[PDB]
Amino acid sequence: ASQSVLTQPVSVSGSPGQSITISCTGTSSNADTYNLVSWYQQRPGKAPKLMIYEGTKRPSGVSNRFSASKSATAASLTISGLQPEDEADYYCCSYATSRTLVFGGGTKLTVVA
């Protein structure tokens, strides 16, 4: 049986001060897939960090420059006021089946200096 598969752009480039939006689109997915999307930031040489959960909720401690939106067809992470420290790989995650999770392939965000 088909399971949910999450796709993200392979790479995105941005300049400091700008805004970027990373999409997470699913196949064999539904509104609940996007309602449950969580986003993870992985800086070079660091462990991943939870940025968003439940599609749009931001945990305490996570910068207010990170926001997220979701529809019945996609989930998106938006980073406002881009800083060099935002250079990282970003992964979306949701359920592949009722009892298994899957990550998107990841998006490499380059901050152009």
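Numbers for residues come from their place in the sequence shown, where the first is 1.
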request  = Quick one: say whether 51 to 59 or 79 to 87 has the higher mean Cα B-factor in the deposited entry.
outcome  = 79 to 87
68 to 76 set against 35 to 43, stretch whose average Cα temperature factor tops the other in the entry = 68 to 76
query = So where's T107 on the chain's Cα temperature factor ranking, which third?
reply = lowest
ask   = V5: which third of its chain by C-alpha temperature factor?
value = middle
